[PDB]
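Just below is one structure, and these are the notes that go with it.
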Amino acid sequence: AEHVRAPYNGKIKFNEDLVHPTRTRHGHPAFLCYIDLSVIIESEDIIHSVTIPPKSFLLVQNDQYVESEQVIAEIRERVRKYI
Amino acid sequence: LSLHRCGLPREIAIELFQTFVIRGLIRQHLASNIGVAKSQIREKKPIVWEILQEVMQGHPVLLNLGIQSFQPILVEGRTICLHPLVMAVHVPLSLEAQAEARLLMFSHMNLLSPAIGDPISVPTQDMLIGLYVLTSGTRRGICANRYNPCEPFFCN
Amino acid sequence: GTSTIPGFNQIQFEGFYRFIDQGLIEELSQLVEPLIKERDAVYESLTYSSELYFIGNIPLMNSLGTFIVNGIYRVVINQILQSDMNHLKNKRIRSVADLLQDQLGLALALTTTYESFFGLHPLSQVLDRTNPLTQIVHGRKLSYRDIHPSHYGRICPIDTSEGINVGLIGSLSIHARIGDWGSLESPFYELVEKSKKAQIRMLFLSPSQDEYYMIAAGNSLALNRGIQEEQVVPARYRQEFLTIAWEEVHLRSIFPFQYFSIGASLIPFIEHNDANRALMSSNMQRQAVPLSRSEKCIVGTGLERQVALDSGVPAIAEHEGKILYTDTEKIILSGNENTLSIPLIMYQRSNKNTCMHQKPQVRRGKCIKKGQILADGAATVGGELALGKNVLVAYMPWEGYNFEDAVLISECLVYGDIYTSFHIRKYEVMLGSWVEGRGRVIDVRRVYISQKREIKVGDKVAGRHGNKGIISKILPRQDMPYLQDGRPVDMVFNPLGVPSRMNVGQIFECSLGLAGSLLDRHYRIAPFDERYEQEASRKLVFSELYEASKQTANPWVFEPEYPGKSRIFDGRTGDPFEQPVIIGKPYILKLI
Amino acid sequence: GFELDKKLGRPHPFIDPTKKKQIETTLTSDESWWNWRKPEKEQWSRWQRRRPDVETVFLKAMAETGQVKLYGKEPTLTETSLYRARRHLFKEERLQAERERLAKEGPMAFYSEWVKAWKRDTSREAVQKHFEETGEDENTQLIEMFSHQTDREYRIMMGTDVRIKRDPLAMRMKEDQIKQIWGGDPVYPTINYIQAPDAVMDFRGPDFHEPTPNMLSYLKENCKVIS
Amino acid sequence: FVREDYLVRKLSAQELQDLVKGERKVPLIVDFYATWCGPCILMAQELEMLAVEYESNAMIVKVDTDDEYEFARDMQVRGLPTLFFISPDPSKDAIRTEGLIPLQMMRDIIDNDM
Amino acid sequence: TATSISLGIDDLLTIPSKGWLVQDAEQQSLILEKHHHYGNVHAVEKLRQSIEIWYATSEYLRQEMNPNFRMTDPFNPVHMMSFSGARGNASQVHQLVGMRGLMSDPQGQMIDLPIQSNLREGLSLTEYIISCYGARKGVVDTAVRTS
Amino acid sequence: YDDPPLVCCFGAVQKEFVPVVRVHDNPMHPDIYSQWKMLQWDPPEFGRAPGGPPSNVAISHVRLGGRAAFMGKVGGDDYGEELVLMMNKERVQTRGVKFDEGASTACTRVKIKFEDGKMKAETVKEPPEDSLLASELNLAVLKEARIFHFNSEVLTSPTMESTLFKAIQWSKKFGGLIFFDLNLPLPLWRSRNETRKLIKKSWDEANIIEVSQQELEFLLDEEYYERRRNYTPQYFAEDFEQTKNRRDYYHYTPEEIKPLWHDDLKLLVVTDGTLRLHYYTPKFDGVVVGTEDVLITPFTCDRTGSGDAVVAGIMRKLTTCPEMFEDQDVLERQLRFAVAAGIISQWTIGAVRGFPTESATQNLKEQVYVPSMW
Amino acid sequence: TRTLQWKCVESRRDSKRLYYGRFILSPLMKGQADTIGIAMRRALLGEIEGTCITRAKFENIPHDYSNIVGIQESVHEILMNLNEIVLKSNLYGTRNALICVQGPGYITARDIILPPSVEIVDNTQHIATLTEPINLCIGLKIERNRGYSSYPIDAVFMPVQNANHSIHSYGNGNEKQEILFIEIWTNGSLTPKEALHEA
Amino acid sequence: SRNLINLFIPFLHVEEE
């Protein structure tokens, strides 16, 4: 798998109606992206765009603040567990 | 050391080449027969070491590319001295065996490995950093000048 | 063992007491003291034994846990056997008590049965007497490949054999103890609720009880706007690792040396070394040759004093009083109208042809308590294990003479007698002769020949961090690189050996060793100092380096641009080397 | 101002303050999922303090002399990374300034920094005046001054050796600046580690087990072996 | 067969009273201590050494304040560690010391004042 | 010899952003552990997140290690030894200046406690015990591999 | 007058000598002192952060970056010089230390009596430590010093008590603040009523008072708070926190403290070791949460002198941060510095040997507390 | 008078067998100080000769690892004490000296009967302790040599313990002149100034 | 050789008194 990290600090911008809600294998809510979604980060200097390829998880929310180098998306034996 | 040479102690060399030292003593009339030639070797008569150098020259030995052939030279001390790119020692006796050791097993006609044809004795470790530092050129750009700029000439 | 490190021979000592006190009767269903002394049983090649009334002889054990059979020192090692099959709660330990009791039962179904046991049983081994460390660790071995969670605090995860027996011969942990069912037990500090007496909070846990307690190894130096009880620490529970609040913790592991064996516990800054090099370091310290002159390490862990006490190599008073007379051969001590004469070992050969020799550590008129040191043995100074020397060292390549593990040294280590050792060889001629194997005849009974061996090309040296080297070149002092104070270095090590082997602890030790020598200080530092704060070792080393630089007016000792490193000069040319070089005074041992 | 400092490489903000904008308003923990909400109370980390290093100390010292300018009082991780790349340039500037100062003041004034006991005037005119009134040239006076220098001062002065060339900024740092390279005093006091080199271990100390009895004497004491 | 590891005896208040009332020839040194007091660990080692130096020329005893708290208070013990130096001459008054005094200081009191 | 490459504590350079990355991973693990206790995620989800968040953090540190050397300290002694190919690789260097990452127990599975520190910083006691699994296994495999 | 402002410590200079002695119910082996360290990490409550002689506070205050002067008397013998050389080495001013050439340092002449079948002692000649006279006071120190510090040990000596109140008069005349660090010696634990009468005059003269939790409960009512701690609800807890059965950190209300409050009192600090620092001012009150870790170093831990480090840390911040008296948030942040100093002091054998420096204390404070609490 | 001058700027006596001297030489042309410094250092550390005891003969001793009744030290310890005795002499050749004493008492270096060409440096150097009125006669051999080597004694002849030098810029680039400092440590067999002249 | 000798002659210089 591949992790997409934020190249700058700023505010995430995308249309949440273009993606499908899902629950990740870590128990977190997220979005499933089946298209070439355009995600915008508005940084302190300029506005930057990151292309989200289909079949990828979008881990952030619209209008969320992200830090640089923070994971924002993920491009995508039988064991027994005792509690 | 050269790539084709190795260093042998006196204590090891004299045992490996004892038969040749005895013959050298008899040939040059320094010992009357076999029995006398042994006593001079036993008693460390200094003429023994002169003969040992003579008979060792031009006589390769096998050291165990795990086994190779080197030209031995007498060295001071008690340890075997090997070049940095390289215990059983074999002395070929017959001329057929000595020809094979010098002409087939020496460390300069086997510079390529048979697997894919790569070189065997590429410099490594301290040899490699020395070349890297030597050929790491001048600092450039912002690492060479504090400010934006908006040297000697040698004839040979 | 509840508030101190237990005696390293306590397992052997208590097991033999159980055999005499209870084991004899269980098999018989009076003991007479030996007529000879232990030193007599060695000189005459006899057996130190007691008479059972006349059924026969029963070999007796020394306080050091060793037997004397036909003049040979022997140690019975511990075996681990099946009582998850690899869980220690399904295992059991058979000690000298179990083995000697089986022989007595075999004997009653008395002399030749014990002589044959010590000579032929694979668990009876000739005691390794190379140095004080080898004597003390031999009796703590466990003979049976993977580390199990139940081993923590009982069996060392590092100290094992190299070869094909790896994982089948291990070492007991420093605080380990054998329980009432052949089980290994380790002490933990109990966190008790408000309403309970709880006289002693230190309790020993068998492996069966271990899984069902929450055991934390962290500390309580963390506070936020909440309360301390809600802070989280890593803990062990049900053979896994969790992260839980302090209020859910049942037990704390508090002893610094709890999880490792003696050999691993002698490595300063061990937490900065890869665990593979700590295993190789334990083996090398068991190969260290006692030197003719001994010297304490500048930097140690603090366990060196425990090894000296438990090895039996030094002489310790059995009675309090005052010292009246000392010489090379004896010390006379008198207390409460009782006078004692204590002979001193002089130039005695050991199992591995090493030289044993005792030197008095007290003068006339000095008051002594019972159990205090009287004389220093070989490889022991002032009641501390001393396996090596502190020498000036630089890490840099030098013309290929330190290629790979090769080591370049100065001639001053040769004519200074820094690494000269005595070796006594016994061959089965007038006394004091010089025979030619060259050496001097020292004792004729058997001929004993003494050799004085200085350091040579081809000899092997090692630090305590798995850094092992072979001497390849000896240079005159004017050819060696020298510091900004003009002093040439004694050894030059290859710096390329550190990143590949990942043993950074030698870098910490050498810098701190230099500071200690200039400050006239020694350091005894328990491992894992990072539990106090981040970069604890770096703060300790850099602060001591700066203090040494400031107090002695030696600015090269602490360079703010590159702490721990300094520009040095080529002895051949006088030009400085281009890049700064790390220099220091580490503890280097000479190997057999 | 800006765009001229940027062109020349003079100290300047990485981002032009005029062309710098805020980041509007972001989710306020009520429009956010649980996994993206800020904890109500700050959490202890063990990484909550910045790691001390050489770059931070040198940058602050250079900031006080005006050799560089920083965005704030404390250098950032970006600024320490940039300093690590070009640190040799700034040291060369300081070394050049010391060479020019020596060529101006002369050896007497320059090297009197490491001869405290020397009280005579060390200016060039004073050196010339002393030569005319006494006959002792500058080299003779310099040799006289170094005869009053202690060995401790001489070893400090070795930082000016032409082969060593110690950083002038390093040579004049005070103890309070230097100790911030490793972050100050250790919380666990070093006195716990310190041991006298000639100390004899007291085996009856609080950290030692009780003395081991002789095995034979112990058996006889407990009445299991008869003499 | 095995020499005891500790020379200083622990005495009750009743036992100490009889020792003081009875006839004595050597100086009597009484130590008040408690196992929970950190400095008492250091004082315990100094008094064992003092007992070795003064084999029969002095008598060193100790009293635990956890067991004889009322007795210690009546003896004017204000803290720990506290030492009492009692002369064999009944006319001379005893000397009470406070704190971790050096071993040499104890010897001077015993030799010159006891 | 004339250049005299060496190795000191300062030369073992960690990338500037490790503190930011480790503290972010700690925050996400801490929040998930709370909601696991609340019953909002199950134990397998907590297990996956702990392993995957620290593996990704460790792999990102290794990726950024060489560019940090290339841009800010090109002649760092530790960098020159491995980058020139003379001695050592990125993995061994990553153990010194990055983080040791996740270890595996003898029966295939991984230990649910990441080793956040490196050898320069110094491992905690719990981390060191975990690292002994790798050391013990590493020599067993090599003995088996040559046979 | 140089900065930081001078502080004066009044009383007896002693090596170690823990004054606070009570009965503990968990004794170790009477002879094997190697077991006694187990009482250092499971201490009696009165010994969690023991105090000591006033010279400990002066030494600890200087190491924390302050300036201190000791006022007292020693003998002219060799042990007196060792005590003075100890304080001169620690850079404590000794101009206020007077020599008595006719007395032996730390030696009290007492007579043994056998009243009513029991052995008792009576003081014949007090030691030089407890014999400083009013005419021997150094008025230059009392004029310069901004904080005057003393313990209740001086109340056990008739000579020092008279001398103490002359020193207080001079200090107040020059604007100095009076710091009463109680540290009750063994005799003063006999009965509440006798002790309250003995300390009342010195209690009323103090502007700053530090007491332990055990001392405060003893002075008000020892049995009431013991019953309070041992209460357990019969059927269910009153709140969720009461179910966890956690350690009791009861914060005394200002109405409970009222019998001990007077007009001139600016700050009352009640210490539960280093775990809690309850503070009381005329305007507000609260508690600072601390911690302790002696199990991190089981073989070097020693709690002796940690009470002096906490007091020294308080005086270090009071002199340099006068707004602690009026600002609650500032007071809590500065008191966390005193908590850190107490923690470090417990990691070394010996009080003086283990007193921490200012930078070490500041480092530990930032490591233990989250940045918002600094 | 001379343009190029040298002078001892500090001469210290740390002990009877530890002498320190610092010397200055200025002004020198650029590069000359480096040439002088390395050549002087190599001469000081490798070319200066000394004299010391080369072997000892014992009268009634089986081997050098035995003990003598009446002497606290062992025979091996005696040889080590002899090895550390510092001597001075300008002449060559194998000399012999004598120790002929009767105890009890302290045998020191001043008890050695030296030939007229050899002198002792430190009287107080300890040889042996006699606890009984016994007779002890020890023959000695003495040589003056370079470098390092009856019972032989491992002689280290070199008298210069350490040396150091520094080079400093004289000032403005008139000719790029330099200043040379030389530090010398000796064992007292010769002064640092004498070592500088001999080198 | 002569240049080397000239470099070390000055150490043997003495001064007028």
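Each chain of the structure tokens is named A, B, ... in the order shown, its residues numbered from 1; ligands are numbered from 1 in display order.
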7 Å contact set for residue G:57, only C-alpha atoms, chain neighbours under 5 positions out, as a PyMOL selection string: chain G and resi 308-309+311-312
Nearby residues (only C-alpha atoms) at most 9 Å from stretch 84-93 of chain H, same-chain spacing under 6 positions excluded, as an NGL selection string: :H and (17 or 50-53 or 109 or 117-122 or 125-127 or 142-145 or 155 or 159 or 187-190)
If you keep N, CA and C atoms, can you produce a file of those selected residues as a compact mmCIF listing (two decimals), in the first residue's frame?
# COMPACT_ATOMS: atom_id res chain seq x y z
N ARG H 17 61.42 14.01 39.20
CA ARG H 17 61.53 13.26 37.95
C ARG H 17 60.51 13.71 36.91
N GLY H 50 69.51 7.86 26.79
CA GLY H 50 69.50 7.87 28.24
C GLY H 50 70.26 6.67 28.78
N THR H 51 70.36 6.62 30.11
CA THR H 51 71.10 5.56 30.77
C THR H 51 70.30 5.04 31.96
N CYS H 52 70.29 3.73 32.13
CA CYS H 52 69.55 3.10 33.21
C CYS H 52 70.11 1.70 33.45
N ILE H 53 69.57 1.03 34.46
CA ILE H 53 70.05 -0.28 34.86
C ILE H 53 69.56 -1.32 33.86
N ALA H 109 67.47 4.80 46.19
CA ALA H 109 68.43 4.97 45.11
C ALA H 109 69.75 5.54 45.61
N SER H 117 81.23 8.05 36.39
CA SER H 117 80.61 8.62 35.20
C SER H 117 79.09 8.66 35.27
N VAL H 118 78.47 8.04 36.27
CA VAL H 118 77.02 7.91 36.35
C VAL H 118 76.52 8.61 37.60
N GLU H 119 75.33 9.21 37.51
CA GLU H 119 74.73 9.93 38.62
C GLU H 119 73.26 9.53 38.77
N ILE H 120 72.77 9.63 40.00
CA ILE H 120 71.38 9.37 40.32
C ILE H 120 70.59 10.66 40.18
N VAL H 121 69.33 10.55 39.77
CA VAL H 121 68.48 11.72 39.61
C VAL H 121 67.63 11.96 40.85
N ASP H 122 66.98 10.91 41.37
CA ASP H 122 66.07 11.03 42.50
C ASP H 122 66.55 10.11 43.62
N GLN H 125 63.82 7.47 45.43
CA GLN H 125 63.20 6.33 44.74
C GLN H 125 63.42 5.05 45.53
N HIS H 126 62.33 4.30 45.73
CA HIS H 126 62.32 3.17 46.64
C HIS H 126 62.74 1.90 45.91
N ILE H 127 63.63 1.13 46.53
CA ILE H 127 64.10 -0.14 45.99
C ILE H 127 63.53 -1.32 46.77
N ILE H 142 74.85 -1.11 33.88
CA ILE H 142 74.29 0.16 33.43
C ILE H 142 74.81 0.46 32.04
N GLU H 143 73.91 0.88 31.15
CA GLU H 143 74.26 1.21 29.77
C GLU H 143 73.57 2.50 29.36
N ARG H 144 74.19 3.21 28.42
CA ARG H 144 73.59 4.36 27.76
C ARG H 144 73.27 3.97 26.32
N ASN H 145 72.00 4.09 25.93
CA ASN H 145 71.55 3.60 24.64
C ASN H 145 70.38 4.44 24.17
N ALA H 155 65.01 -2.15 30.07
CA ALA H 155 65.36 -0.75 30.15
C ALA H 155 64.67 0.05 29.05
N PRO H 159 64.58 9.62 27.67
CA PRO H 159 64.31 10.51 28.81
C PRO H 159 63.20 11.51 28.58
N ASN H 187 62.35 13.48 32.31
CA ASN H 187 62.32 12.74 33.56
C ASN H 187 63.37 13.22 34.55
N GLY H 188 63.98 14.37 34.31
CA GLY H 188 64.99 14.91 35.19
C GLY H 188 66.41 14.48 34.89
N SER H 189 66.61 13.46 34.06
CA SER H 189 67.96 13.09 33.66
C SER H 189 68.62 14.19 32.84
N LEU H 190 67.82 15.04 32.19
CA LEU H 190 68.30 16.25 31.56
C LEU H 190 67.16 17.27 31.58
From B:116, B:122, B:101, B:155, residue lying nearest chain F [only C-alpha atoms]: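 Distance minimum relative to chain F lands on B:122.
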Residues of chain G within 7 Å of chain E, only C-alpha atoms counted, as a PyMOL selection string: chain G and resi 14-21+23-24+27-28+31+33+36+39-40+43+106-111+119-121+185-187+302+304
Distance query stretch 34-45 of chain A at most 12 Å, only C-alpha atoms, self and fewer than 3 positions along chain excluded, as a ChimeraX atom specification: /A:4-21,31,48-68,72-73,75-76 /D:14-26
Between atom CA of residue H:70 and atom CA of residue H:137, distance in Å (one decimal):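 That distance, rounded to one decimal, is 13.5 Å.
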DSSP strand (DSSP E or B) selection over stretch 230-337 of chain C, as a PyMOL selection string: chain C and resi 232-237+240-245+251-252+273+288+299-300+315-316+321-326+330-334
Residue contacts of residue D:84 (9 Å, only C-alpha atoms) excluding same-chain residues fewer than 6 positions away, as a ChimeraX atom specification: /D:55 /F:72-73
Would you mind exporting C-alpha atoms of the selected residues as a PDB file, in the first residue's frame?
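New file selection-v6.pdb:
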ATOM      1  CA  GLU D  55      23.101  23.925  15.633  1.00  0.00           C
TER       2      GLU D  55
ATOM      3  CA  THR F  72      22.084  19.076   4.790  1.00  0.00           C
ATOM      4  CA  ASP F  73      25.183  16.981   5.658  1.00  0.00           C
TER       5      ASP F  73
END
Within 9 Å of residue F:40 using only C-alpha atoms, minus same-chain residues under 6 positions, as a list in words: residues 27 of chain A; 32 and 34 of chain F
Members of chain B assigned alpha helix (DSSP H) by DSSP, as number ranges by chain: B: 10-16, 18-27, 34-42, 47-56, 95-104, 126-135
Interface, chain G side, toward chain C (8 Å; only C-alpha atoms) as a ChimeraX atom specification: /G:26,34-35,37-38,245-247,289-293,295-298,367-370,373
Output N, CA and C atoms for every residue in the selection just made, as a tab-separated table (two decimals), in the first residue's frame.
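Result written to selection-v1.tsv:
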chain	number	residue	atom	x	y	z
G	26	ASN	N	6.49	-0.99	61.08
G	26	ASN	CA	7.07	-1.93	60.13
G	26	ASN	C	8.59	-1.86	60.21
G	34	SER	N	21.28	-3.61	55.37
G	34	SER	CA	21.03	-3.71	53.94
G	34	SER	C	19.55	-3.86	53.62
G	35	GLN	N	18.75	-4.30	54.59
G	35	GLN	CA	17.30	-4.36	54.41
G	35	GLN	C	16.62	-3.02	54.63
G	37	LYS	N	16.89	-0.13	53.34
G	37	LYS	CA	16.50	0.64	52.16
G	37	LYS	C	15.06	0.35	51.74
G	38	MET	N	14.51	-0.80	52.12
G	38	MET	CA	13.12	-1.10	51.80
G	38	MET	C	12.16	-0.17	52.52
G	245	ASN	N	-10.86	3.20	44.87
G	245	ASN	CA	-10.10	2.92	46.08
G	245	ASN	C	-8.69	3.50	46.00
G	246	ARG	N	-8.61	4.74	45.53
G	246	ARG	CA	-7.33	5.40	45.34
G	246	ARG	C	-6.82	5.98	46.66
G	247	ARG	N	-5.55	6.40	46.64
G	247	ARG	CA	-4.94	7.00	47.82
G	247	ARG	C	-5.64	8.30	48.18
G	289	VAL	N	-0.50	19.17	42.24
G	289	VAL	CA	-0.29	17.73	42.13
G	289	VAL	C	1.17	17.47	41.76
G	290	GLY	N	1.83	16.63	42.56
G	290	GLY	CA	3.19	16.24	42.27
G	290	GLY	C	3.32	14.75	42.09
G	291	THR	N	4.52	14.22	42.28
G	291	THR	CA	4.77	12.79	42.13
G	291	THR	C	6.08	12.46	42.83
G	292	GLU	N	6.41	11.17	42.86
G	292	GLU	CA	7.67	10.71	43.40
G	292	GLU	C	8.06	9.43	42.66
G	293	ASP	N	9.36	9.21	42.53
G	293	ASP	CA	9.84	7.94	41.98
G	293	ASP	C	11.19	7.64	42.63
G	295	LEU	N	11.66	4.25	43.35
G	295	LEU	CA	11.86	2.92	42.80
G	295	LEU	C	12.60	2.94	41.47
G	296	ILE	N	12.77	4.11	40.86
G	296	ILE	CA	13.58	4.20	39.65
G	296	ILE	C	15.06	3.96	39.96
G	297	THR	N	15.49	4.21	41.20
G	297	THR	CA	16.86	3.93	41.62
G	297	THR	C	16.83	3.32	43.02
G	298	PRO	N	16.51	2.03	43.11
G	298	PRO	CA	16.28	1.42	44.44
G	298	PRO	C	17.51	1.40	45.34
G	367	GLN	N	10.23	17.93	31.97
G	367	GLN	CA	10.06	16.54	31.55
G	367	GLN	C	8.82	15.91	32.17
G	368	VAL	N	8.53	16.24	33.42
G	368	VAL	CA	7.42	15.60	34.13
G	368	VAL	C	6.09	16.20	33.70
G	369	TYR	N	6.00	17.53	33.68
G	369	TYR	CA	4.75	18.21	33.40
G	369	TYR	C	4.59	18.51	31.92
G	370	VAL	N	3.35	18.50	31.46
G	370	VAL	CA	3.03	18.86	30.08
G	370	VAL	C	3.35	20.34	29.89
G	373	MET	N	1.59	23.32	31.71
G	373	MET	CA	1.70	23.47	33.15
G	373	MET	C	3.02	24.08	33.59
Selection: 10 Å around residue H:57, only C-alpha atoms, excl. self and same-chain fewer than 4 positions, as a PyMOL selection string: chain H and resi 61+64+98+137-141+150-152
Store the residues picked out above in a file with C-alpha atoms, as a CSV table (one decimal), in the first residue's frame.
chain,number,residue,atom,x,y,z
H,61,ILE,CA,68.3,-16.5,44.7
H,64,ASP,CA,63.4,-14.0,40.2
H,98,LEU,CA,76.7,-2.1,43.5
H,137,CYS,CA,74.4,-7.7,47.8
H,138,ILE,CA,73.1,-7.0,44.3
H,139,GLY,CA,75.3,-6.4,41.3
H,140,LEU,CA,74.1,-3.9,38.7
H,141,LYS,CA,74.9,-3.3,35.0
H,150,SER,CA,71.7,-12.5,36.5
H,151,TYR,CA,68.3,-11.1,35.6
H,152,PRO,CA,67.8,-8.8,32.7
Residue hits in chain C, query chain E, radius 10 Å, only C-alpha atoms, as an NGL selection string: :C and (318-322 or 335-337 or 365-371)
Prev. selection, C-alpha atoms, output as a compact mmCIF listing (two decimals), in the first residue's frame:
# COMPACT_ATOMS: atom_id res chain seq x y z
CA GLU C 318 36.52 -14.47 58.39
CA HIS C 319 36.90 -12.61 61.70
CA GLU C 320 37.10 -8.99 62.79
CA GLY C 321 40.18 -7.55 64.46
CA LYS C 322 43.43 -5.74 63.67
CA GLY C 335 40.84 -10.02 67.16
CA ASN C 336 39.25 -10.81 70.54
CA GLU C 337 42.21 -12.82 71.85
CA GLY C 365 47.40 -1.62 62.52
CA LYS C 366 44.34 -1.50 60.24
CA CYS C 367 41.02 -2.54 61.76
CA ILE C 368 38.97 -5.06 59.79
CA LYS C 369 35.35 -6.15 59.92
CA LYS C 370 34.34 -9.72 59.19
CA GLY C 371 33.83 -10.10 55.45
Chain H residues near chain C (9 Å cut-off, only C-alpha atoms) as a ChimeraX atom specification: /H:34-35,37-39,41-42,45-46,61-67,71-74,148-149,154-156,162-166,183
